[PDB]
Amino acid sequence: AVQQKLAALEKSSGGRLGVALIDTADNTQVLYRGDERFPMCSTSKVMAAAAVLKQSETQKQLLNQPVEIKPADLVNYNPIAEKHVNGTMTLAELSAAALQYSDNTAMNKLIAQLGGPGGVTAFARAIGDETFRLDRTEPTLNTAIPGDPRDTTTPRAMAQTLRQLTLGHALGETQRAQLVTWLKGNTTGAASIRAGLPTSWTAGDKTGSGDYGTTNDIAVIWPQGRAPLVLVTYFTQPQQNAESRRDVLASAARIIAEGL
Ligand SMILES: O=C(Nc1cccc(-c2nnn[nH]2)c1)c1cccc(C(F)(F)F)c1
Ligand SMILES: O=C(Nc1cccc(-c2nnn[nH]2)c1)c1cccc(C(F)(F)F)c1
Ligand SMILES: O=C(Nc1cccc(-c2nnn[nH]2)c1)c1cccc(C(F)(F)F)c1
Ligand SMILES: O=C(Nc1cccc(-c2nnn[nH]2)c1)c1cccc(C(F)(F)F)c1
């Protein structure tokens, strides 16, 4: 029934919608196009920050390690990094900037700390995600071309990974709490999944967008009185210059919430 509602939303949206919900109260899933590939865009920033948190388990000072920010490093969306050009940010600062402000320069420093987009993929594989692939750096990982396998995952795989990272044992306890704290402090998410939820349903999320009107969000949610949920909503459209549709994500989330 919920799949039929998501189908109706998708049909009136003009685009292609992917949804994965895990309800941790019972482990049950709702999936819509759950095994189709979608471009991740900045939702991939969660995997890169989590990989750096995992590194920090064996290097307790890692998050205070300074990283030089040079003029040439700046890319196309650098609201935090631009303040630090010719200076340094720590890996904690870059993680917070990437996750909470979606800073693309900050993401690039995370990727570099992992040895390139392949290192981020390696971390995903290590935590049991056989699906995620990061192929490119910022900003080109957001080209979101239909059919292109690069920088994609499926909603099912991303939900299962987000659950392991934020609620399971993929990370040490400190690190898990740090990741959840960062997601719950996101600045960019009030129009997306969380717009479709009751106000009482606490949450953290990471948005993404790109060409092809691609509009994404992944969230960990604490519904009032209930065990947490993990929700992935991915959306992409047929034309390169299509406009973002955060409202579609909100609509998906609302359908999911009403179906619980
Ligand atoms: O804990 C899990 N499931 C679950 C669901 C409902 C109840 C319980 C439970 N009740 N009492 N002790 N565990 C556990 C669980 C299953 C797969 C994966 C994960 C993980 F690690 F969070 F991703 C957790
Ligand atoms: O799914 C369950 N546990 C589970 C399964 C697989 C992985 C994990 C898990 N991985 N990391 N942390 N928990 C937990 C689960 C669900 C209801 C009830 C129970 C219980 F408590 F054993 F009876 C377990
Ligand atoms: O700034 C954003 N996108 C962006 C940045 C730079 C270039 C372009 C772009 N160039 N050509 N087509 N889009 C888009 C952007 C979009 C939605 C949401 C956010 C935010 F605020 F970080 F969450 C940023
Ligand atoms: O970098 C891009 N967008 C962007 C940048 C930073 C943050 C976000 C964003 N955050 N939350 N939702 N989107 C999007 C971007 C957009 C269109 C096209 C391209 C590309 F791939 F370079 F051509 C990049």
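Remember, it's 1-based here, ligands and their atoms both numbered in the order they're listed. For reference, positions follow the sequence shown, starting with 1.
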Legend entry - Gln29 backbone acceptor or donor facing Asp23 side chain under 3.5 Å: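 Such a contact is absent between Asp23 side chain and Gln29 backbone.
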Under 4.0 Å to a heavy atom of [X] - the qualifying atoms of ligand 3, by number:
X      : result
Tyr101 : 22 (F)
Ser102 : 22 (F)
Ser209 : 16 (C), 17 (C)

Any side-chain heavy atom of [X] within less than 4.5 Å of one from [Y]?
X      : Y      : answer
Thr143 : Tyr212 : no
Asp151 : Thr140 : no
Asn104 : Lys45  : yes

Donor-acceptor pairs are to be reported for all side-chain atoms of residues 109-129 against protein atoms at under 3.5 Å, with residues two or more places apart or in another chain.
{"residue": "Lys109", "atom": "NZ", "partner": "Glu68", "partner atom": "O", "Å": "3.3"}
{"residue": "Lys109", "atom": "NZ", "partner": "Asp73", "partner atom": "OD2", "Å": "2.8"}
{"residue": "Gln113", "atom": "NE2", "partner": "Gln55", "partner atom": "OE1", "Å": "2.9"}
{"residue": "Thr121", "atom": "OG1", "partner": "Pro117", "partner atom": "O", "Å": "3.3"}
{"residue": "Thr121", "atom": "OG1", "partner": "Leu134", "partner atom": "N", "Å": "2.9"}
{"residue": "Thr121", "atom": "OG1", "partner": "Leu134", "partner atom": "O", "Å": "3.2"}
{"residue": "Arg125", "atom": "NH1", "partner": "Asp129", "partner atom": "O", "Å": "2.8"}
{"residue": "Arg125", "atom": "NH1", "partner": "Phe132", "partner atom": "O", "Å": "2.8"}
{"residue": "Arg125", "atom": "NH2", "partner": "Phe132", "partner atom": "O", "Å": "3.0"}
{"residue": "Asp129", "atom": "OD1", "partner": "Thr131", "partner atom": "N", "Å": "2.9"}
{"residue": "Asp129", "atom": "OD1", "partner": "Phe132", "partner atom": "N", "Å": "2.9"}
{"residue": "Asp129", "atom": "OD2", "partner": "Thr161", "partner atom": "OG1", "Å": "2.6"}

Inset, instruction - Run the salt-bridge test on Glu10 and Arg33 with the 4.0 Å N-O cut-off and return the result as yes or no. - result: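 Counted as a salt bridge, because a side-chain N and a carboxylate O are separated by less than 4.0 Å.
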Atom pairs and distances, ligand 1 N/O vs protein N/O under 3.5 Å:
{"residue": "ligand 1", "atom": "3 (N)", "partner": "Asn27", "partner atom": "OD1", "Å": "3.1"}
{"residue": "ligand 1", "atom": "3 (N)", "partner": "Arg163", "partner atom": "NH2", "Å": "3.3"}

Inset, instruction - To the nearest 0.5 angstrom, please state how far the CG atom of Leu197 sits from the CD atom of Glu258. - result: 10.5 Å
